[PDB]
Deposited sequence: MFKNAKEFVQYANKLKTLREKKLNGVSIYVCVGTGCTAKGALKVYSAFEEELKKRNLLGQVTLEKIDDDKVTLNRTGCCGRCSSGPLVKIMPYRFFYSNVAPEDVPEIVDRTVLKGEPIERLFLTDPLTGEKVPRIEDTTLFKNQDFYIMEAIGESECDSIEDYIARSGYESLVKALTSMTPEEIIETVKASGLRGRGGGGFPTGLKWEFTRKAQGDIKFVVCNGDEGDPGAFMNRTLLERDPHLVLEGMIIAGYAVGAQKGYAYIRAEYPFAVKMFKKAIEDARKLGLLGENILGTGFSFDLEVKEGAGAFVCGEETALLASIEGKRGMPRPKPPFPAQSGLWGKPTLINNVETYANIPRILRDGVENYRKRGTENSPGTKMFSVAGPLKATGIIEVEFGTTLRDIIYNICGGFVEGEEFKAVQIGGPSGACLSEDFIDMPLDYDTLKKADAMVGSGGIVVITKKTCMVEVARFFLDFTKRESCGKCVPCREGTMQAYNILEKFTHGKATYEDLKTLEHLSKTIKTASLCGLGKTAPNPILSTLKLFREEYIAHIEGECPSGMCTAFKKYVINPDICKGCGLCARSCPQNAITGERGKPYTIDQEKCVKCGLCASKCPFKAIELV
């Protein structure tokens, strides 16, 4: 494990035997990932620990990562008898202990309900949702230890790194990555192999490998989940890339507002350093490599390559004109390799399998699976993994269970502010990098959010432009001022003060921002406006007319006094700036909005008879 592959083999086999013993033995696996902690996963873990110690019961309690059912409360998995208890509570922990750890009798009510049939399925592995998904990166669901390199090693982890270090030269690694057809998961979709070619070919004995932990979306959390559930896979991909491109130092860029991901990655780095996988020599191959967790102070623009490099150096995350590309001059002017977390995670899997095996999943020009975070009012939400041929309808209904009682599909956002808005037309289309490019869309960083009829597309565009103008770095005129002006126009739209001149101004300003912005943030800033206009123009026209097709724009929301709900006290005469009381005295009254300016002064003196 230190300086020879044979010793590593014995260590791994011993850990594998321990893992087999633990699988046979009774073990508790609590999902402590984000989404389950917000629902009380830590308290459930503490409840298990206190009850186990109180009863003095060799049952192993292990923290695991996300299992893809974040919407189903905290998740607990009993190992010898996989049950996948859901919506667990700390008040029922003793029942779980007594009735399952020892007796083994399933607790039916704590089971996962499948929305299609509404039946408590004993296990997720034999559930329609699990069957529909295609797991290649998401491995050892519910039965993986996040804060331990021992479980990762027992799961055949780091074998790809060892064989690559000892067997395959860096050129063979890069050629295999090229042939695998792996395309950048960060959104760009560029072939990873060509980028590795560029980084390796760059002249210089000092190079760097940088991992970008950012989601590229203020509504996505799949990269964070992948970091939190298996940081060692990402670390292995990073080390393999470092050897491939001849890099000596590595930087993982995780936001400082992701405490669990940062702590888990720091722990993984420390462990790997304790086991000799990181240091001044690994397997005696002579390859030196170290990793540092650079905590991001928080800036959406720092997801840009040049801005990311600037932030790594302690400066403002300001991008710069691309030439020279970071592959030739990045960190401190040195050749730097920058890839997404998912891209690195796909590396050890590619090494373990072959080119052809990897190409079996996905399409011809987009092999492999893709992780997605699905949100919105929906039966099943959370992290999912599917091949690059699955339609949005398939994800929305077969994998996420469809909409919840009282909602139905209107649109969907697939990349966040830089993504696109897809109407009911585009959901019967396989998600492929090539196909979406000529459909005026993109795969995106992995985020998906459904839009129901109770949503206003104008407000969606306003929200995205609000975010974009808050996130602009301010360097270049088009982004810095155009995003602010477009946001102001959209604000006018949502308040019923917009005219057709505003529509034309918005269209032309959007084109200018798209074409003139320096970096990707501004180039994709008008994407929501352009997509919404292309597919939801009638909504904008209606807003100009003076009415919102949905009811969420608070600007209009007429205030009406219910005659059946009015006590008829007759105090509303002269009580209004408009004096449009016109209320019968001694009986219920009626209010007229012919002169009202919609100020919000109707709920002052009434028995809740005014609705805002």
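- Positions of the deposited sequence absent from the coordinates, in order: 58 to 69, 625 to 626.
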